[PDB]
Structure formats: structure tokens, C-alpha cells
């Protein structure tokens, strides 16, 4: 019998290369434009992943678009945290196999704070020693953790999917531990981590918003990512979006 966790493993996309162009002025602007080009391709990969995610296609198309537009930065930063954990134990930002950034190069203008914020996400994977299956279940829950205050068009379907993957997270925890003493404690810690992602990514999103709107910074964005931000940004800045939290705020 096939399991949901085994399917999450098989649909996880391969890591993308940047195609980086080390033969140029390592300016802050060019690095940010390079990262956004990689980010746009990673979002395309994440859309294809969501289409294959068991249950996601049952949502109204408009809800599928809302969830991807609202959560894309959480997905990208969480996966960056995982790669940086597995490839460098949280010491370097492992954007792609050909684009590994150590924190000396984060001294570039506008780069220090955002790199510290990305490293903090990776440091949580190190602290908790997150397993691959726990990571895969948590990543689905991030896709399902930011919603309009006024609700979704297929609310009942959404409620069912979200509860399904909360249960799957519990199953991944039970598998990680040939015993029982820590199952609830572990679920508590990982749902605390999920809740904390909203704030841990908030500064990254605000910085992205500013580089998108402030054209004099000359940061370039690829086409589909620009479309996504242009829809997400007004909703976030207007306060019309809410996080789904497991614990009292």
C-alpha cells in the first residue's frame, strides 16, 4: 500500500542550478537580480509540485492561485534552510549547487540583514535535527498556512487537506522515533517552528516588496514572479491576510 509520505518523497523536485555568471562585478544589484531569476524558476518548480501534491487539485482554481501567491516566499526560504542545513550544517547559504554564499560575501550593501534572516531559518533545522520526512510534511503545511481573512472559495476542501497533512506530520514524527516518550514534545516543537516561520520570513518579504516597488534600486524580477508579487503585495500591505497558527500568539 502506498503512503502519503512516500508520495511526498517521489514528487519533490530536483534542486535547480542557477547558471551563475561569476565573470562580472559582484555588485549587490547583480546578485539580487541573479537570486530573483533563480527564485522565479524555483517558483515554477513549486507550482508543478503543488499540482502533483495529493489533494491540492481538489481546491478551486482561485484558491490554488491564492495559496501559491501568498506562501511562495515561505516555501522558498524553508527549502533554502533545508539545503543549507544538509549541505553546510547551516553555515553557508546554499541557494543552488553553483551558488553557495558564505557570510563574508554577505557584507555587500543590503545583503547583511537578509542573509542573517535566511541563516536563522537554517539554524532551526540544525537545532531541531529535522528529518527529511518531517521537512516534507512541514513544507506542505506552509503552502497551507497563509489565507485571506475573508476565507477561501473551497473552504471545506481546504480544511480537509490541511487536517490531512497535520496528521501526516504526526506520522512522520512517529517514524522518526522507535519509541513514544517524545512524540507530543516533538509535534509541539515542530508546530512551534511552523508558527515562527511567519515572522522569520516577514523581513525577507518586506525587503522583496521594497526592491519590487522601488525601481531606482535597479533590481530585476522575472515575469511570473513579478506577476505574483504584484498580486500578493497589496493584500499583505492592506492587512487582508492571516497566518494559520497552531499556538496562542
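Residue numbers count along the first chain shown, from 1.
Comparing the deposited coordinates for 109-117 and 139-147, the stretch with the larger average C-alpha B-factor is 109-117. If you average the C-alpha B-factors over 92-100 and over 75-83, the higher value belongs to 92-100. Taking the PDB entry at face value, the top CA B factor among 215, 41, 192, 51 belongs to 215. Taking the deposited Cα B-factors for 36, 196, 45, 182, the highest one is held by 182. Ranked against the other modelled residues of its chain, the C-alpha B-factor of residue 64 as given in the entry falls in the middle third. Per the PDB record, residue ranking by Cα B-factor puts residue 219 in the highest third of the chain. When the CA B factors of the chain's modelled residues are split into thirds, the value for residue 154 lands in the highest one. In the deposited entry, the Cα temperature factor of residue 174 sits in the top third of values across the chain's modelled residues. Among all modelled residues in its chain, residue 229 ranks in the lowest third by Cα B-factor.
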